[PDB]
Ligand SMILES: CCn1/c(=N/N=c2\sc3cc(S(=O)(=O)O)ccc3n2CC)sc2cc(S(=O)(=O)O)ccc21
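What follows is one chain in structure tokens, specifically the form deposited without the ligand.
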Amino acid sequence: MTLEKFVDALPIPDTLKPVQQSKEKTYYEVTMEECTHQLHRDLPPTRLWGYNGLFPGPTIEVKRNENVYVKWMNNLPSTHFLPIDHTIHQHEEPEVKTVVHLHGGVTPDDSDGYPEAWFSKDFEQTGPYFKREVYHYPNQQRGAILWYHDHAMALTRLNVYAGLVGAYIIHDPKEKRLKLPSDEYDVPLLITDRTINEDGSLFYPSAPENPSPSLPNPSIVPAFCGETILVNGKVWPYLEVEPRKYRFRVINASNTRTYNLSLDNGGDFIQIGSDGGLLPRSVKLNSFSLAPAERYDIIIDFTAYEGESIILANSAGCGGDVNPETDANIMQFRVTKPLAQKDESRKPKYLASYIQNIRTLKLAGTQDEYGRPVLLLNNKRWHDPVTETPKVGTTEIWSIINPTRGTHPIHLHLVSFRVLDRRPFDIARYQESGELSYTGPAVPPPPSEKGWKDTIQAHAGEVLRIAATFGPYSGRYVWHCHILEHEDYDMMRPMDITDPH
């Protein structure tokens, strides 16, 4: 028997309060705490690692150009409760390393959360790139859905699965005149798949299928597909909504899983924004794909559906087809709250208006000495000399070629980018020869991808082209696959945005 669906109200994480706020600076403190929270009516409390002891973390709301500082502290225990594989990466390091990355942040390099800028409990020990306790987020960027999460070297999949995710919204007051649904009718949805034991403890696997005798125990796995789906820290919740327009900030905070969402009454979503902010023009959607770290700013118009119960449904597989009783379900909207006031919100169609190098990038896997797949960007390891070195201020086109069997959601820190096109190629030939020979025309982005993206699905047997301008800041960043199981082994590379000064 699987946990009974739709019997816990969707929590709405509280908005973090500043420690200090003047007209020209905002200081926040966030402490990583081991904590316990009940993930379903019928479970005992689950041991979790959460920002301020909460899962998800507090929702952080800033205005565009708000000068924000965050002191992210580690008060976690010194050993992990999830299985650590020592083989993937005065010389014995602490087992628990944390660093916070603001995903989608236009962030100076020393506050971006470099994987090797980790710290242990109370900053007692720190990685090689550690420089500062208090991170600076000048927020000089378009309003959008951001999120924040752990990024420590070789531990990212574990620390995130343990609960260290939160939302961060940048409000651009020049967008207020669109009258998009707001306040109580603006709601974040952080989607996390989890596998939960009978006693409420989290399960994370300590070995993959691969039965080979040489396998380190524990071993990293190439993918994690959870049995149960959570939204805002509750398993298959319901939200009571009013019969009107709502805004939802949908964030995929899962380790590996891709969702493909729809509404079981047949209703439509209106996509208004992507990772990088508002789309140039809205889009009526009946379904959409959402890979790890992707965000979809959307409206749902519950006006025509008073009294109905509507399932937010999932059709994407993860390690097999979806099971209709379990991972085919996300959550349930109940249109049964009395309209508290007239629906003065709007759903405009029109929302906004917007080549020094080419770089070719290969996504491929090799095999380690134990027979495990190691996933790699351009056949380089994390610790190899940096090769992606655009000059600050310059625009490049990245051609990302994927001959592997699966989609990889590729994310670049600091920037958002334009999607140019995707084009299919003959893997067979490309494999055998190195020859990039196409099989059909180039496909331009749908409307969903006509704005700005920071995390982008590079599909099997396609070459993906995107255009990024590498600024405004310079320095040491990263880019990587955002399936955390891939990132940690070893599909992540440093990215130097070079500065003549």
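The numbering used is simple: start at 1 and walk along the sequence shown. Throughout, rigid core stands for the largest set of C-alpha atoms superposing within 1.5 Å between the two forms. Only residues modelled in both forms are compared.
Trainee: Over the set of other compared entries for this protein, does residue 91 lack coordinates in at least a third of them?
Mentor: Yes, residue 91 lacks coordinates in at least a third of the other entries compared.
Trainee: Can you tell me how many deposited residues have no coordinates between residue 89 and residue 90? The categories are none, 1 to 3, 4 to 9, and 10 or more.
Mentor: 4 to 9 residues lack coordinates between residue 89 and residue 90.
Trainee: Quick one: classify how much of the deposited chain lacks coordinates between residue 354 and residue 355, choosing none, 1 to 3, 4 to 9, or 10 or more.
Mentor: Per the deposited record, the segment joining residue 354 and residue 355 lacks coordinates for 4 to 9 residues.
Trainee: Select between 437 to 445 and 49 to 57 the stretch whose C-alpha atoms have the higher average B-factor in the entry.
Mentor: For C-alpha atoms only, the mean B-factor is higher in 437 to 445.
Trainee: Test of understanding: from the entry's C-alpha B-factors, which stretch has the higher mean, 168 to 176 or 420 to 428?
Mentor: Of 420 to 428 and 168 to 176, the stretch with the higher C-alpha B-factor average is 420 to 428.
Trainee: In terms of CA temperature factor as recorded, identify the highest of 150, 110, 116, 268.
Mentor: Highest C-alpha B-factor among the listed options: 268.
Trainee: Using the entry's values, work out which of 237, 222, 181, 200 has the largest Cα B factor.
Mentor: By C-alpha B-factor in the record, 181 ranks first.
Trainee: Please place residue 39 in the lowest, middle or highest third of its chain according to the CA B-factor in the PDB entry.
Mentor: As the PDB entry reports it, the C-alpha B-factor of residue 39 lands in the lowest third of its chain.
Trainee: Among the modelled residues of this chain, does the Cα B factor of residue 408 put it in the lowest, middle or highest third?
Mentor: Answer is middle: the recorded C-alpha B-factor places it there.
Trainee: Looking at the temperature factor on the CA atom of residue 333, which third of the chain's modelled residues does it land in?
Mentor: Ranked within chain, residue 333 CA B lands in the middle tercile.
Trainee: Sorting the chain's CA B-factors, does residue 157 end up in the lowest, middle or highest third?
Mentor: Bottom third by C-alpha B-factor.
Trainee: C-alpha B factor of residue 133, ranked within the chain: lowest, middle or highest third?
Mentor: Lowest third.
Another form exists, solved in complex with the ligand; not displayed. Remarks below refer to it.
Trainee: Should the pocket be classed as open or blocked once the ligand, positioned as in the entry with it bound, is overlaid via C-alpha superposition of the site (3 or more ligand atoms within 2.4 Å of backbone or C-beta atoms defines blocked)?
Mentor: If you fit the ligand onto this chain using the C-alphas around its site, the pocket comes out open.
Trainee: Between the options 319, 83, 348, 216, which residue brings a heavy atom to within 4.5 Å of the ligand in the entry with it bound?
Mentor: So the residue touching the ligand in the entry with it bound, by this definition, is 319.
Trainee: Exactly one of 222, 390, 108, 276 has a non-hydrogen atom within 4.5 Å of the ligand in the entry with it bound; which residue is it?
Mentor: So the residue touching the ligand in the entry with it bound, by this definition, is 222.
Trainee: Only one of 120 to 128, 371 to 379, 195 to 203, 234 to 242 gets a heavy atom within 4.5 Å of the ligand in the entry with it bound; which is it?
Mentor: After filtering at 4.5 Å, what remains is 371 to 379.
Trainee: Spell out, yes or no, whether the shortest heavy atom distance between residue 256 and the ligand in the entry with it bound is within 4.5 Å.
Mentor: Flag for residue 256 set to yes.
Trainee: If you fit the rigid core and then compare C-alpha positions between the shown form and the other one, only one of 210, 360, 394, 326 moves by 2 Å or more. Name it.
Mentor: Among the listed residues, the outlier is 210.
Trainee: Considering only residues present in both forms, which runs of at least 3 consecutive residues have all C-alphas displaced by 2 Å or more between the shown form and the other one after core superposition?
Mentor: That run whose C-alphas all shift by 2 Å or more is 209 to 211, the only one.
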